[PDB]
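The chain that follows stands alone, in the form deposited in one PDB entry, written as structure tokens.
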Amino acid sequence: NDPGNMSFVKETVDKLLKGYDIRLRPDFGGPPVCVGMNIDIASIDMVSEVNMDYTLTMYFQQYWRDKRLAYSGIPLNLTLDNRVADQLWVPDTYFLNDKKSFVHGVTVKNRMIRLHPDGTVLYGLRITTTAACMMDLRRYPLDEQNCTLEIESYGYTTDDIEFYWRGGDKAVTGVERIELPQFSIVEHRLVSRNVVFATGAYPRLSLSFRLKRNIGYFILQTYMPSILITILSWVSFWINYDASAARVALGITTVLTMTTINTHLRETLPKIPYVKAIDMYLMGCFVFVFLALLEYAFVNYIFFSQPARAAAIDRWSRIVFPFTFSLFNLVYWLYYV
């Protein structure tokens, strides 16, 4: 009668667990059990471009109804100890694209079981998962990624279980509080659907983030040095061929600086082995400075033979190099932006 009688509550719980078979899902052999899901994103730790995965920490909550656990005489929600979850049936929900996930267990396992008078069960966990995400890095470092978290029942088909987001589009909270330095979250989407494998149908939930990479750091750290080196190489064009030490020194310095910058950036860039926009841009700048040095060498060679042709070639190079470089850069930016 009185809710304060802990012996009465113990009797009720023992009656609920009396003859309770954890091997059988609720409504076994009947209608599928509907499971609602909530995700409270604590934070996103890292977004690894090298491994193409991201670490996500979240409060994952599942909401279902098992009439076997329905009780009476206690007008309260029984917030039981987490250990009782080992004595109850819980959905075999897993993440399709995770690689290494775990449940935090300090001080105790971060697990919560709440029972309601109508038999409703709420089961909460705190989970850190490293979810894989295939990244299209052709547009790097101006790409926009779409990283997904897929949630699926491992063993129960759609005839036995039906996932759905609990709360419409509000099923996932805390996205706006995510503090990602390198990336910025633009839009998150919730999808509920079914899939069909050789063993039958399966429910599926999907949480998708669209990450827009910040561009200021890359512009201020990778493109401007190469542009400055190209302009410095062009500086040697406007020095007379009477003395060769100045122009040779300028060309050598430009080549060495460009090579060292390329190597240094490659040592602080993702090691994914395929072509990127930044690599093409740097290689184009390298080709431009190499062509400038070639033209200076040819002019120096022919100066002792044909001064008039040397002057004409120098003037035409002064005409061609800047406009050609600007055309190349503008078409590159239009192609990528």
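What we label the rigid core is the largest C-alpha set whose atoms superpose within 1.5 Å from one form to the other. Note that residue numbering begins at 1 and tracks the sequence as displayed.
There is another form of the same protein, the form deposited in another entry; it is not shown, and what comes next is about it.
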| property | result |
| --- | --- |
| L269 C-alpha moves between this form and the one not shown by 2 Å or more, core aligned | yes |
| Shift of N240 between this form and the one not shown at or above 2 Å (CA, core fit) | yes |
| Sense of CA distance change between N51 and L269 in the other form, threshold 3 Å | closer |
